[PDB]
$ cat query.pdb   # PDB, C-alpha atoms and all ligand atoms
MODEL        1
ATOM      1  CA  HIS A   1      42.505  28.540 -98.618
ATOM      2  CA  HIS A   2      44.597  27.011-101.420
ATOM      3  CA  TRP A   3      43.603  29.047-104.413
ATOM      4  CA  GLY A   4      45.814  29.673-107.399
ATOM      5  CA  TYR A   5      45.952  29.746-111.169
ATOM      6  CA  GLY A   6      46.386  26.097-112.125
ATOM      7  CA  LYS A   7      43.828  23.565-113.563
ATOM      8  CA  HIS A   8      42.986  22.353-110.078
ATOM      9  CA  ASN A   9      42.903  25.560-108.070
ATOM     10  CA  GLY A  10      42.371  28.301-110.663
ATOM     11  CA  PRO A  11      39.576  30.766-111.374
ATOM     12  CA  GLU A  12      36.988  28.103-112.312
ATOM     13  CA  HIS A  13      37.331  26.651-108.817
ATOM     14  CA  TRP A  14      37.232  29.806-106.780
ATOM     15  CA  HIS A  15      33.536  30.005-106.357
ATOM     16  CA  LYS A  16      33.392  26.988-104.017
ATOM     17  CA  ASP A  17      35.318  28.729-101.236
ATOM     18  CA  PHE A  18      34.363  32.261-102.375
ATOM     19  CA  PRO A  19      30.813  32.190-103.660
ATOM     20  CA  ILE A  20      30.876  35.948-104.481
ATOM     21  CA  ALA A  21      32.949  34.774-107.457
ATOM     22  CA  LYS A  22      29.632  34.494-109.225
ATOM     23  CA  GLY A  23      28.281  37.900-107.940
ATOM     24  CA  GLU A  24      26.847  40.920-109.601
ATOM     25  CA  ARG A  25      29.916  43.169-109.741
ATOM     26  CA  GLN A  26      32.868  40.876-110.435
ATOM     27  CA  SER A  27      36.124  41.894-112.089
ATOM     28  CA  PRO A  28      37.844  41.997-114.504
ATOM     29  CA  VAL A  29      35.569  42.687-117.444
ATOM     30  CA  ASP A  30      35.901  43.231-121.139
ATOM     31  CA  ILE A  31      35.799  46.946-121.966
ATOM     32  CA  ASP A  32      33.793  47.349-125.167
ATOM     33  CA  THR A  33      34.945  50.708-126.498
ATOM     34  CA  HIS A  34      31.872  51.036-128.659
ATOM     35  CA  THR A  35      29.460  50.694-125.715
ATOM     36  CA  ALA A  36      31.373  52.655-123.024
ATOM     37  CA  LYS A  37      29.939  56.161-122.873
ATOM     38  CA  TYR A  38      31.814  59.391-122.438
ATOM     39  CA  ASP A  39      30.624  60.981-119.128
ATOM     40  CA  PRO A  40      31.139  64.766-119.137
ATOM     41  CA  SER A  41      30.522  64.914-115.405
ATOM     42  CA  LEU A  42      33.677  62.867-114.585
ATOM     43  CA  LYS A  43      36.156  65.112-112.849
ATOM     44  CA  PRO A  44      39.731  65.312-113.643
ATOM     45  CA  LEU A  45      41.850  62.367-112.180
ATOM     46  CA  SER A  46      44.503  63.437-109.599
ATOM     47  CA  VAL A  47      47.484  61.116-109.080
ATOM     48  CA  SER A  48      49.507  62.620-106.223
ATOM     49  CA  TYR A  49      52.526  60.386-105.766
ATOM     50  CA  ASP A  50      55.258  63.019-105.003
ATOM     51  CA  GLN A  51      55.586  61.914-101.351
ATOM     52  CA  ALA A  52      55.242  58.176-101.963
ATOM     53  CA  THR A  53      57.272  56.003 -99.553
ATOM     54  CA  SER A  54      57.888  52.500-100.896
ATOM     55  CA  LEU A  55      59.058  49.981 -98.338
ATOM     56  CA  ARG A  56      59.346  46.389 -99.459
ATOM     57  CA  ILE A  57      58.721  43.990-102.301
ATOM     58  CA  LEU A  58      57.158  40.616-101.496
ATOM     59  CA  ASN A  59      56.542  37.421-103.494
ATOM     60  CA  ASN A  60      53.199  36.214-102.009
ATOM     61  CA  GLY A  61      52.900  33.100-104.109
ATOM     62  CA  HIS A  62      50.359  34.744-106.476
ATOM     63  CA  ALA A  63      52.222  37.902-107.671
ATOM     64  CA  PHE A  64      54.776  40.278-106.207
ATOM     65  CA  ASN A  65      53.605  43.290-104.302
ATOM     66  CA  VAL A  66      55.526  46.564-103.934
ATOM     67  CA  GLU A  67      54.290  47.889-100.584
ATOM     68  CA  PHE A  68      54.067  51.537 -99.471
ATOM     69  CA  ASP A  69      53.776  53.363 -96.187
ATOM     70  CA  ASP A  70      50.055  54.219 -95.969
ATOM     71  CA  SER A  71      50.148  55.400 -92.328
ATOM     72  CA  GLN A  72      49.550  58.994 -93.716
ATOM     73  CA  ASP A  73      48.374  60.744 -96.982
ATOM     74  CA  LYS A  74      51.785  60.397 -98.784
ATOM     75  CA  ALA A  75      50.637  58.978-102.161
ATOM     76  CA  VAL A  76      46.941  59.396-102.967
ATOM     77  CA  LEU A  77      44.497  59.097-105.800
ATOM     78  CA  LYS A  78      41.591  61.588-105.939
ATOM     79  CA  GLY A  79      39.186  63.001-108.516
ATOM     80  CA  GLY A  80      37.835  61.212-111.514
ATOM     81  CA  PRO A  81      34.823  59.175-110.310
ATOM     82  CA  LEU A  82      36.073  59.249-106.711
ATOM     83  CA  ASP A  83      34.704  61.070-103.679
ATOM     84  CA  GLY A  84      37.349  61.756-101.174
ATOM     85  CA  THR A  85      40.881  60.518-100.770
ATOM     86  CA  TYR A  86      42.374  57.064-101.519
ATOM     87  CA  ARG A  87      45.782  56.093-100.173
ATOM     88  CA  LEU A  88      48.240  53.938-102.159
ATOM     89  CA  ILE A  89      48.993  50.713-100.241
ATOM     90  CA  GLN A  90      50.615  48.512-102.915
ATOM     91  CA  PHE A  91      51.029  47.754-106.559
ATOM     92  CA  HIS A  92      51.422  44.433-108.385
ATOM     93  CA  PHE A  93      51.061  42.952-111.822
ATOM     94  CA  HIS A  94      49.285  40.124-113.625
ATOM     95  CA  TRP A  95      51.079  38.578-116.631
ATOM     96  CA  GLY A  96      51.173  35.823-119.118
ATOM     97  CA  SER A  97      53.278  32.937-120.300
ATOM     98  CA  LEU A  98      53.266  34.504-123.811
ATOM     99  CA  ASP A  99      53.013  38.148-124.991
ATOM    100  CA  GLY A 100      49.440  37.598-126.283
ATOM    101  CA  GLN A 101      47.914  37.133-122.855
ATOM    102  CA  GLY A 102      48.319  38.266-119.262
ATOM    103  CA  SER A 103      46.004  41.193-118.695
ATOM    104  CA  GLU A 104      42.827  40.759-116.678
ATOM    105  CA  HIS A 105      40.798  43.539-118.263
ATOM    106  CA  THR A 106      40.503  43.299-122.040
ATOM    107  CA  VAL A 107      39.758  46.029-124.617
ATOM    108  CA  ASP A 108      37.390  44.893-127.336
ATOM    109  CA  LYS A 109      38.485  41.359-126.282
ATOM    110  CA  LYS A 110      42.167  42.289-126.814
ATOM    111  CA  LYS A 111      44.494  40.854-124.176
ATOM    112  CA  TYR A 112      47.643  42.744-123.237
ATOM    113  CA  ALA A 113      50.951  41.112-122.080
ATOM    114  CA  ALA A 114      50.361  42.262-118.533
ATOM    115  CA  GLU A 115      48.364  44.584-116.286
ATOM    116  CA  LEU A 116      49.547  46.763-113.425
ATOM    117  CA  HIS A 117      47.244  47.390-110.443
ATOM    118  CA  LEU A 118      47.938  50.297-108.138
ATOM    119  CA  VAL A 119      45.711  49.601-105.096
ATOM    120  CA  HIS A 120      44.304  52.432-102.970
ATOM    121  CA  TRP A 121      41.971  52.557-100.036
ATOM    122  CA  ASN A 122      39.386  55.142 -98.959
ATOM    123  CA  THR A 123      40.766  57.019 -95.943
ATOM    124  CA  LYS A 124      37.199  57.616 -94.598
ATOM    125  CA  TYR A 125      37.276  53.974 -93.473
ATOM    126  CA  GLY A 126      40.423  54.332 -91.434
ATOM    127  CA  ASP A 127      42.267  51.141 -92.457
ATOM    128  CA  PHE A 128      42.483  48.774 -95.395
ATOM    129  CA  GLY A 129      40.726  45.881 -93.742
ATOM    130  CA  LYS A 130      37.674  48.073 -92.982
ATOM    131  CA  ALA A 131      37.746  49.610 -96.469
ATOM    132  CA  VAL A 132      37.455  46.226 -98.271
ATOM    133  CA  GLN A 133      34.073  45.620 -96.485
ATOM    134  CA  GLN A 134      32.633  48.792 -98.192
ATOM    135  CA  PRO A 135      31.317  49.178-101.763
ATOM    136  CA  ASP A 136      33.462  52.268-102.201
ATOM    137  CA  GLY A 137      36.358  51.092-100.124
ATOM    138  CA  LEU A 138      39.080  50.706-102.816
ATOM    139  CA  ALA A 139      40.156  52.428-106.004
ATOM    140  CA  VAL A 140      42.409  50.348-108.283
ATOM    141  CA  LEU A 141      44.264  52.125-111.056
ATOM    142  CA  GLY A 142      44.812  49.641-113.832
ATOM    143  CA  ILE A 143      47.459  50.067-116.530
ATOM    144  CA  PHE A 144      48.034  47.816-119.505
ATOM    145  CA  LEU A 145      51.532  46.638-120.511
ATOM    146  CA  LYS A 146      52.416  45.878-124.084
ATOM    147  CA  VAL A 147      55.744  44.512-125.239
ATOM    148  CA  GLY A 148      57.850  47.080-127.134
ATOM    149  CA  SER A 149      60.422  49.504-125.838
ATOM    150  CA  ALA A 150      61.729  49.145-122.300
ATOM    151  CA  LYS A 151      60.092  51.093-119.496
ATOM    152  CA  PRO A 152      62.948  52.691-117.612
ATOM    153  CA  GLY A 153      60.960  53.294-114.488
ATOM    154  CA  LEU A 154      60.235  49.523-114.299
ATOM    155  CA  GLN A 155      63.811  48.389-114.354
ATOM    156  CA  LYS A 156      64.429  48.773-110.576
ATOM    157  CA  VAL A 157      61.540  46.318-110.063
ATOM    158  CA  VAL A 158      62.792  43.728-112.529
ATOM    159  CA  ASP A 159      66.325  43.899-111.112
ATOM    160  CA  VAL A 160      65.198  42.978-107.593
ATOM    161  CA  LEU A 161      63.133  39.906-108.758
ATOM    162  CA  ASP A 162      66.112  37.548-108.507
ATOM    163  CA  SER A 163      66.087  38.205-104.742
ATOM    164  CA  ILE A 164      62.400  37.240-104.260
ATOM    165  CA  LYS A 165      62.141  34.253-106.556
ATOM    166  CA  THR A 166      59.950  32.105-104.352
ATOM    167  CA  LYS A 167      56.802  32.429-102.212
ATOM    168  CA  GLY A 168      57.336  34.225 -98.898
ATOM    169  CA  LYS A 169      60.557  36.001 -99.933
ATOM    170  CA  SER A 170      60.713  39.768 -99.467
ATOM    171  CA  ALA A 171      63.367  42.468-100.068
ATOM    172  CA  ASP A 172      63.812  46.054 -98.979
ATOM    173  CA  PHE A 173      62.406  48.304-101.738
ATOM    174  CA  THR A 174      62.724  51.879-100.585
ATOM    175  CA  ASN A 175      62.868  55.052-102.665
ATOM    176  CA  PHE A 176      60.954  53.598-105.671
ATOM    177  CA  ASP A 177      58.909  56.209-107.556
ATOM    178  CA  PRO A 178      55.643  54.805-108.903
ATOM    179  CA  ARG A 179      55.247  57.831-111.189
ATOM    180  CA  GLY A 180      57.656  56.070-113.499
ATOM    181  CA  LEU A 181      55.117  53.406-114.276
ATOM    182  CA  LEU A 182      52.442  55.791-115.680
ATOM    183  CA  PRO A 183      51.722  56.444-119.339
ATOM    184  CA  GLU A 184      51.577  60.035-120.654
ATOM    185  CA  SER A 185      47.757  60.263-120.777
ATOM    186  CA  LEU A 186      45.437  59.783-117.807
ATOM    187  CA  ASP A 187      42.353  59.185-120.071
ATOM    188  CA  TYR A 188      40.433  56.292-118.441
ATOM    189  CA  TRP A 189      37.468  53.998-118.285
ATOM    190  CA  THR A 190      35.719  53.459-114.920
ATOM    191  CA  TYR A 191      33.203  50.944-113.574
ATOM    192  CA  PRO A 192      32.256  49.402-110.210
ATOM    193  CA  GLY A 193      33.704  45.996-109.507
ATOM    194  CA  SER A 194      35.717  43.727-107.379
ATOM    195  CA  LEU A 195      39.104  42.399-106.287
ATOM    196  CA  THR A 196      40.277  40.032-108.985
ATOM    197  CA  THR A 197      41.715  37.498-106.497
ATOM    198  CA  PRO A 198      40.147  35.834-103.558
ATOM    199  CA  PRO A 199      38.423  37.052-101.495
ATOM    200  CA  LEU A 200      36.913  38.712-104.578
ATOM    201  CA  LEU A 201      35.176  41.385-102.527
ATOM    202  CA  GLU A 202      32.925  43.844-104.324
ATOM    203  CA  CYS A 203      34.667  46.938-102.976
ATOM    204  CA  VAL A 204      36.520  48.474-105.978
ATOM    205  CA  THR A 205      36.049  51.497-108.139
ATOM    206  CA  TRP A 206      38.054  50.468-111.197
ATOM    207  CA  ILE A 207      39.925  53.139-113.085
ATOM    208  CA  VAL A 208      41.588  51.622-116.200
ATOM    209  CA  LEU A 209      43.895  53.855-118.250
ATOM    210  CA  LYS A 210      43.344  53.814-122.001
ATOM    211  CA  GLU A 211      46.978  54.302-122.863
ATOM    212  CA  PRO A 212      49.142  51.184-122.241
ATOM    213  CA  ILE A 213      52.769  51.442-121.185
ATOM    214  CA  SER A 214      55.473  49.646-123.175
ATOM    215  CA  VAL A 215      57.920  47.284-121.500
ATOM    216  CA  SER A 216      60.632  45.249-123.190
ATOM    217  CA  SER A 217      60.469  41.565-123.921
ATOM    218  CA  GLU A 218      63.509  41.244-121.579
ATOM    219  CA  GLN A 219      61.621  42.973-118.760
ATOM    220  CA  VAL A 220      58.508  40.746-119.003
ATOM    221  CA  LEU A 221      60.740  37.645-119.435
ATOM    222  CA  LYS A 222      62.172  38.368-116.004
ATOM    223  CA  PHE A 223      58.646  38.460-114.523
ATOM    224  CA  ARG A 224      58.139  34.950-115.897
ATOM    225  CA  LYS A 225      61.199  33.641-114.034
ATOM    226  CA  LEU A 226      59.504  34.100-110.687
ATOM    227  CA  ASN A 227      58.057  31.117-108.876
ATOM    228  CA  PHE A 228      54.618  30.419-107.396
ATOM    229  CA  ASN A 229      56.235  27.737-105.104
ATOM    230  CA  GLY A 230      58.281  28.243-101.954
ATOM    231  CA  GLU A 231      62.037  27.669-101.663
ATOM    232  CA  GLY A 232      63.011  24.005-101.905
ATOM    233  CA  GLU A 233      59.748  23.021-103.596
ATOM    234  CA  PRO A 234      59.292  21.837-107.174
ATOM    235  CA  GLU A 235      59.531  24.827-109.500
ATOM    236  CA  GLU A 236      56.253  26.210-110.884
ATOM    237  CA  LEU A 237      56.908  29.315-112.919
ATOM    238  CA  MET A 238      54.803  32.341-111.955
ATOM    239  CA  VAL A 239      53.009  32.861-115.233
ATOM    240  CA  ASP A 240      49.387  33.318-116.226
ATOM    241  CA  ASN A 241      48.360  34.761-112.893
ATOM    242  CA  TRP A 242      45.331  36.490-114.374
ATOM    243  CA  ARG A 243      41.597  36.037-113.930
ATOM    244  CA  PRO A 244      39.612  36.126-117.194
ATOM    245  CA  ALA A 245      36.819  38.559-117.972
ATOM    246  CA  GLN A 246      33.600  38.146-115.870
ATOM    247  CA  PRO A 247      29.994  39.014-116.783
ATOM    248  CA  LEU A 248      29.260  42.742-116.939
ATOM    249  CA  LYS A 249      25.744  42.204-115.673
ATOM    250  CA  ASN A 250      23.969  45.367-114.705
ATOM    251  CA  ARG A 251      26.861  47.781-115.102
ATOM    252  CA  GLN A 252      27.953  50.569-117.404
ATOM    253  CA  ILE A 253      31.549  51.394-118.130
ATOM    254  CA  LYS A 254      32.091  55.182-118.432
ATOM    255  CA  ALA A 255      34.844  56.946-120.405
ATOM    256  CA  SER A 256      36.627  60.109-119.336
ATOM    257  CA  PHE A 257      37.383  60.980-122.948
ATOM    258  CA  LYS A 258      35.478  61.282-126.252
TER     259      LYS A 258
HETATM  260  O1  LIG B 301      45.403  40.901-107.451
HETATM  261  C1  LIG B 301      44.611  41.818-107.113
HETATM  262  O2  LIG B 301      44.217  42.743-107.888
HETATM  263  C2  LIG B 301      44.046  41.680-105.698
HETATM  264  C3  LIG B 301      44.678  42.223-104.632
HETATM  265  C4  LIG B 301      44.051  41.982-103.297
HETATM  266  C5  LIG B 301      43.874  40.706-102.806
HETATM  267  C6  LIG B 301      43.293  40.446-101.571
HETATM  268  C7  LIG B 301      42.889  41.506-100.796
HETATM  269 CL1  LIG B 301      42.102  41.434 -99.253
HETATM  270  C8  LIG B 301      43.045  42.773-101.263
HETATM  271  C9  LIG B 301      43.642  43.010-102.478
HETATM  272 CL2  LIG B 301      43.824  44.642-103.044
HETATM  273 NA    NA B 302      50.701  55.789 -99.527
HETATM  274 NA    NA B 303      34.109  45.181-128.976
HETATM  275 ZN    ZN B 304      45.634  42.751-109.333
ENDMDL
END
$ encode --input "query.pdb" --output "structure tokens" --more "lines below"
Ligand SMILES: O=C(O)/C=C/c1ccc(Cl)cc1Cl
Ligand code: NA
Ligand code: NA
Ligand SMILES: [Zn+2]
Amino acid sequence: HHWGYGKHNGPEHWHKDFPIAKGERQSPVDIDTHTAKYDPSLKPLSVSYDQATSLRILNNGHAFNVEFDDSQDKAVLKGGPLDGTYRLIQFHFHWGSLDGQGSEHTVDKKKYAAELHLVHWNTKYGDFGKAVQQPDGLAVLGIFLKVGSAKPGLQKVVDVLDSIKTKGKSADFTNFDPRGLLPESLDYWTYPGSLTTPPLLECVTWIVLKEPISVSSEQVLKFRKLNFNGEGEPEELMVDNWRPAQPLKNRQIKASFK
């Protein structure tokens, strides 16, 4: 497959190789704050990242992933809408060419500069590849980035980006603490959806935090200096690696807060 984010291989094209692109529970979506309903039955969200073991950062030609050791219950997400225990496997971002776009989810059609996805898989399915074949296989914690003050806990990420400029480059990335990427509040919206890149599988419980984090214009500028291309290929800046909002169809977005 040769999918991407350009005119010729971008989201409008994806359905030909990945027909579930036009399915019933695709992501992202617009979150209409006046239609999402507070759900008193939602349990409290539990982000348990104290024992997280980061390993490596990889430019995969679509984003950069910070990868974790998920061979045991070291960094897990539980509670909220979730039954059981979801292990952190990786995080990555989606961002724009300009500060007015980049997020995949929108809020009342508002686009943020970027969006962080912390990807977890349901440990009842044993491995990640099995989990993505299940409707409750993944939980993705989504966090909006707005441009403002620098996020100190992001700076170790931006400083390593010079070493993974092009597709297929990786760097050691141990001892990174993903707690430094969270906002203060864990108030969230939740709905059932999908991966937002091919293969677009309908396996995700989305948990999108209401409170965005602020990053500096310098920090996001360094994201936009990455490359989609491999080394020694013509330079294509890694920008606008976001899928736009998809039809809500027969789904309700629930709020954890009033
Ligand atoms: O950008 C994303 O949100 C998609 C990430 C992703 C992409 C492919 C597969 Cl199999 C699994 C995952 Cl979690
Ligand atoms: Na983990
Ligand atoms: Na609205
Ligand atoms: Zn993502």
$ residues_around --input "query.pdb" --residues "residue A:227" --least-positions-apart "2" --cutoff "7 Å" --atoms "only C-alpha atoms" --output "PyMOL selection string"
chain A and resi 165-167+225+229+235-238
$ resolve_selection --input "query.pdb" --expression "the PyMOL selection byres (((not hetatm)) within 7 of (chain B and resi 301))" --output "count of residues only"
8
$ closest_residue --input "query.pdb" --among "A:61, A:193, A:100, A:23" --to "residue A:3" --atoms "all atoms listed in the file"
A:61
$ closest_atom_pairs --input "query.pdb" --of "chain A" --to "ligand ZN 304 (chain B)" --cutoff "12 Å" --atoms "all atoms listed in the file" --output "tab-separated table"
residue	atom	partner	partner_atom	distance
A:27	CA	B:ZN304	ZN	9.9
A:28	CA	B:ZN304	ZN	9.4
A:62	CA	B:ZN304	ZN	9.7
A:63	CA	B:ZN304	ZN	8.3
A:64	CA	B:ZN304	ZN	10.0
A:65	CA	B:ZN304	ZN	9.4
A:66	CA	B:ZN304	ZN	11.9
A:90	CA	B:ZN304	ZN	10.0
A:91	CA	B:ZN304	ZN	7.9
A:92	CA	B:ZN304	ZN	6.1
A:93	CA	B:ZN304	ZN	6.0
A:94	CA	B:ZN304	ZN	6.2
A:95	CA	B:ZN304	ZN	10.0
A:102	CA	B:ZN304	ZN	11.2
A:103	CA	B:ZN304	ZN	9.5
A:104	CA	B:ZN304	ZN	8.1
A:105	CA	B:ZN304	ZN	10.2
A:114	CA	B:ZN304	ZN	10.4
A:115	CA	B:ZN304	ZN	7.7
A:116	CA	B:ZN304	ZN	6.9
A:117	CA	B:ZN304	ZN	5.0
A:118	CA	B:ZN304	ZN	8.0
A:119	CA	B:ZN304	ZN	8.1
A:120	CA	B:ZN304	ZN	11.7
A:139	CA	B:ZN304	ZN	11.6
A:140	CA	B:ZN304	ZN	8.3
A:141	CA	B:ZN304	ZN	9.6
A:142	CA	B:ZN304	ZN	8.3
A:143	CA	B:ZN304	ZN	10.4
A:144	CA	B:ZN304	ZN	11.6
A:194	CA	B:ZN304	ZN	10.2
A:195	CA	B:ZN304	ZN	7.2
A:196	CA	B:ZN304	ZN	6.0
A:197	CA	B:ZN304	ZN	7.1
A:198	CA	B:ZN304	ZN	10.6
A:200	CA	B:ZN304	ZN	10.7
A:204	CA	B:ZN304	ZN	11.3
A:206	CA	B:ZN304	ZN	11.0
A:208	CA	B:ZN304	ZN	11.9
A:241	CA	B:ZN304	ZN	9.2
A:242	CA	B:ZN304	ZN	8.0
A:243	CA	B:ZN304	ZN	9.1
A:244	CA	B:ZN304	ZN	11.9
$ closest_atom_pairs --input "query.pdb" --of "chain A" --to "ligand NA 302 (chain B)" --cutoff "7 Å" --atoms "only C-alpha atoms and all ligand atoms" --output "tab-separated table"
residue	atom	partner	partner_atom	distance
A:52	CA	B:NA302	NA	5.7
A:53	CA	B:NA302	NA	6.6
A:68	CA	B:NA302	NA	5.4
A:69	CA	B:NA302	NA	5.1
A:70	CA	B:NA302	NA	3.9
A:72	CA	B:NA302	NA	6.7
A:73	CA	B:NA302	NA	6.0
A:74	CA	B:NA302	NA	4.8
A:75	CA	B:NA302	NA	4.1
A:76	CA	B:NA302	NA	6.2
A:87	CA	B:NA302	NA	5.0
A:88	CA	B:NA302	NA	4.1
A:89	CA	B:NA302	NA	5.4
$ residues_near_point --input "query.pdb" --point "(63.8, 44.7, -121.1)" --cutoff "8 Å" --atoms "all atoms listed in the file" --output "ChimeraX atom specification"
/A:149-151,155,215-221
$ resolve_selection --input "query.pdb" --expression "the PyMOL selection byres (((not hetatm)) within 10 of (chain B and resi 303))" --output "PyMOL selection string"
chain A and resi 30-36+106-110
